[PDB]
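Single-structure report; data block below.
Counting neighbours? That spans all protein chains shown, and the Cβs are built from the backbone with ideal geometry, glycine included. We did not get these values from a lab; they are worked out from the coordinates using the rules stated.
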Ligand SMILES: COc1cc(OCC2CCCCC2)ccc1C(N)=O
């Protein structure tokens, strides 16, 4: 059940599609980035069309929507990474098994592109090129994280297996989320940019 | 997509179903166990009906069947664990982040045994305070595999010049596999829980 805005893949299951500047989709994603990174330079934005990763993500979204008895389990967040990780993320998504892990041993996502834009995350390559994903994240019901978590905490220590979906640095005003399971994040766009 | 011979869970998402000796379903599991663990005695065998784990696993299986262009991707393997881990595995499956270092490490993942005797070691199926030992019977997407190495945190690439095209799992020995290691969530479905004693 592939999304209407994807473009045809001639019966293949993975494509990176460069967006056309000035069309609605490019403009929307560029605006999310420019909200906090207006001083950067965008080289290109690519849509990630990974049928398998999308399928697995959408199954987990449907499950989280049933469990939590609402929609509103998804957020659009940012993830800076090095050029050497991009091929893996495009094909396989985010892997906690692959910086500080102060809020747990998961994959980190920022609310603001400006945070992911730090060189510690979006490491510049030999030509100054930096890479950041725009990511659909199943944040669900979240709690404050802490060092050394391998999964989110339970919602009640009386039922130890009924977990929070994600953790954050601050529940009232989150700036980062950590997820601990495969297929809780779908890399939707890749932004290539410079300082 | 839930299997039609599961018990009706009346809108619930999770159930453990105690099997009856003399049913083919119980006897096939008992035989598979006793082939290498005839010195132990089974207390009970429970079918694990976990709707969400099943759905996610079956998606991964269909994907691996498409990618590998054959349906030889699934093996039925054993996993011994401690009583404290059973509630988590029953609900959430096998988490590599929680896995012990194996005494012979072929990678940092979740380990599954071909022989129940391996999983029956007290190091894995730690006896609880009542002397009960716990072993899962697991559908595992082993797919295409190679010999592992202790440093792996994912399966290795098939081709070093295409680092993202991975083996599905690793083993101790490709000619005579006795263990498999998987490195991704929802690559293993806990199907039965065997409770057993000396
Ligand atoms: C590991 O990568 C990140 C980590 C992020 O917070 C990690 C820090 C935040 C402050 C407190 C200690 C942990 C945010 C974004 C990314 C990212 N790749 O964009």
Here the residues within the range B:74-119 that are assigned to a loop (DSSP other than H, G, I, E, B), within 14 Å of chain A (Cβ to nearest Cβ) and within 27 Å of residue B:62 (Cα to Cα) are B:93, B:94, B:95, B:99, B:107, B:108, B:109
Name every residue in the range A:138-154 that is surrounded by 14 or more Cβ atoms within 10 Å (Cβ to Cβ) and part of a loop (DSSP other than H, G, I, E, B), in order of residue number.
-> A:139, A:140, A:141, A:145, A:149, A:151, A:152, A:153
Those residues of the range A:107-119 which are crowded, with 19+ Cβ neighbours inside 10 Å and over 15 Å from residue A:81 (Cβ atoms), in sequence order | A:111
Selection count where residues are in a loop (DSSP other than H, G, I, E, B) and within 14 Å of chain A (Cβ to nearest Cβ), scope the range B:1-45 | 6
Mind checking whether some residue in the range A:46-68 is assigned to a loop (DSSP other than H, G, I, E, B) and either away from chain B (no Cβ under 14 Å) or near the ligand (Cβ under 10 Å from one of its atoms) (or both)?
-> no
Please enumerate the residues belonging to the range A:160-184 that are outside any loop (DSSP other than H, G, I, E, B) and within 16 Å of the ligand (Cβ to nearest atom).
-> A:166, A:167, A:168, A:176, A:177, A:178, A:179
Give me the pairs, please: first residue somewhere in the range A:61-82 and closer than 20 Å to residue B:55 by Cβ, second residue anywhere and loosely packed, with under 14 Cβ neighbours inside 10 Å, beta-carbon distance under 7 Å, and either six or more positions apart or on two chains.
-> A:65/A:71
